[PDB]
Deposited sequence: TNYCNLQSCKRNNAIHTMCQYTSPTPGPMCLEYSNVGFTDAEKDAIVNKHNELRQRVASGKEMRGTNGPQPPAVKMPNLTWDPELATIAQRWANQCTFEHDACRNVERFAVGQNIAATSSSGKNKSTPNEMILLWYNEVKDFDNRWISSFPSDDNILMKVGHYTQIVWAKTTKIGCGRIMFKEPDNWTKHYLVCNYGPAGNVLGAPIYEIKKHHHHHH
């Protein structure tokens, strides 16, 4: 099923569901809690992403190394996707802060954003963590919109923002867990999977709309 994805084999990668076959979380997740989401929370996540997407799309986000971010021709709202979600949640249940080797599905390559935050004993929302992904737009350059760069320094500086605002992406599915890390602080771990996967080396992030010459 998930072990016959040419997507993985091509990438010499073991799929997350193919490897971790258990729904119960891994030994990294000491004294764990708050697996997954309420439906209230799932809308929270989708709504934040669309808010941000719409902002950039409408030519309103004004930050960036080379000046403000231009509006988009098409920028579809993301809809929640339970397949991606359960694959995100499985990798989330392993409590190892990094991307998994592969998380793809029959329909498309799947992208990914990761966040974790700490507290003595935790009051941190995913919305907080998403805003922090998006805040990478402070380091973003206009010139990377029409064709995504190959450079990895860049992928790292701005990759989470670019995935959020990826026009072609239309589906999101996230997973989350909380657990005691070895120093007793409470860690709050969010992984979001996106479909189809953004940050395609060469593709445009979105189609740059132009403001009309005859709208005065």
**Missing segments of the deposited chain sequence, listed N- to C-terminal** = 1, 123
